[PDB]
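Enquirer: I am attaching a structure below and will ask some questions about it afterwards.
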Amino acid sequence: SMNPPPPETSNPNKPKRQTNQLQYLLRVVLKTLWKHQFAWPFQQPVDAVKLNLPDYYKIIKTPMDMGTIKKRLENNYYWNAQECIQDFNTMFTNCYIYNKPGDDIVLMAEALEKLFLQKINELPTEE
Ligand SMILES: CN1CCC(c2ccc(Nc3ncc(C(F)(F)F)c(Nc4ccc(Cl)c(NS(=O)(=O)C(C)(C)C)c4)n3)cc2F)CC1
């Protein structure tokens, strides 16, 4: 049971912007989560072949990971901050959907999400 192609990270015909909020999402939100001791399972698409999880992409239809988010931010892929915030939230929700409560991977996601929520609470107002 195979891996799908990764999420899109470049699209020239997609309208996009650089805003102070999106800069914050990269320089603060992404960075802070990326350096966390629990970040590594989330830093790239799940290789569900290597992990022997043949059902993974049969259940998780909208996968998202921080490697993809990082690329999108570095590529100025997004139109607004909420588009990027949705990607983070999809990543967390997918984790809680696929896994059992209390699993180590869920604890890792919860630690990242707690930080994510704190940084989003301090999202600067649009300039
Ligand atoms: C018996 N045995 C048990 C574990 C094993 C297993 C079970 C469930 C997942 N589910 C998952 N869900 C979401 C993600 C994420 F991408 F959102 F982060 C994700 N990533 C990811 C990446 C690398 C590793 Cl090595 C891991 N392993 S791990 O056990 O979870 C960890 C990090 C060492 C605690 C996880 N993995 C992955 C698995 F391997 C199956 C067979």
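Enquirer: For a quick check: sort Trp34, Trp40 by the number of other beta carbons within 10 angstrom, fewest at the front.
Expert: The order, fewest Cβ neighbours first, is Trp40, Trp34.
Enquirer: Now a separate question. Take the chain, mark every one of the trypsin sites (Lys or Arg not before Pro) that falls in a DSSP loop and has at most 14 other Cβ within 10 Å, then report the longest stretch left between them, sites excluded.
Expert: Here the longest segment lacking exposed loop sites spans 62-127.
Enquirer: Quick query: amide H of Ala48 versus all other amide H atoms, modeled in the peptide plane; which residues come in under 5 Å with a sequence gap of 5 or more or a different chain?
Expert: For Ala48, whose amide H was placed from the backbone, there are no distant partners under 5 Å.
Enquirer: Calculate the dipole size of the chain relative to its Cα centre from +1 charges on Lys and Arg beta carbons and -1 charges on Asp and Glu beta carbons; express the result in debye to the nearest 20.
Expert: 260
Enquirer: How large is ³J(HN,Hα), in whole Hz, for each residue of the range 68-75 in order, when computed from phi with the Karplus curve 6.51 cos²θ - 1.76 cosθ + 1.60 and θ = phi - 60°, using x for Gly and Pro?
Expert: Whole-Hz 3J(HN,Hα) from phi for the range 68-75: 4, 4, 4, 5, 4, 5, 5, 8.
Enquirer: Now a separate question. On C-alpha positions alone, give me the angle between the axis of helix 81-98 and the longest principal axis of the chain, in degrees, nearest 10.
Expert: Helix 81-98 sits roughly 10 degrees off the main axis of the chain.
Enquirer: Can you tell me the orientation of helix 104-121 relative to the chain, as the angle in degrees between its alpha-carbon axis and the longest Cα principal axis, to the nearest 10?
Expert: The helix 104-121 is inclined about 10 degrees to the chain.
Enquirer: What does the C-alpha gyration tensor say about the overall shape of the range 19-123? Classify as rounded when a/c is under 1.5, otherwise prolate if a/b is larger than b/c, or oblate.
Expert: The shape class here is prolate.
Enquirer: In addition: Can you show me the helix-derived [θ] at 222 nm for the chain, built from DSSP H runs with n ≥ 4 at -39,500 (n - 2.57) apiece and divided by the number of residues, rounded to the nearest 500.
Expert: -13000 deg cm²/dmol
Enquirer: Considering the options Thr19, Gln118, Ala81, tell which one lies farthest towards the positive end of the dipole of the range 19-123, charges being +1 on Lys and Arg and -1 on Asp and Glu at the Cβ, about the Cα centre.
Expert: Comparing the listed Cα positions along the dipole, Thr19 ranks first.
Note that we place each Cβ from the backbone using ideal geometry, even for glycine, and neighbour counts take in every protein chain shown. Here, each number is a calculation from the coordinates, and none is a lab measurement.
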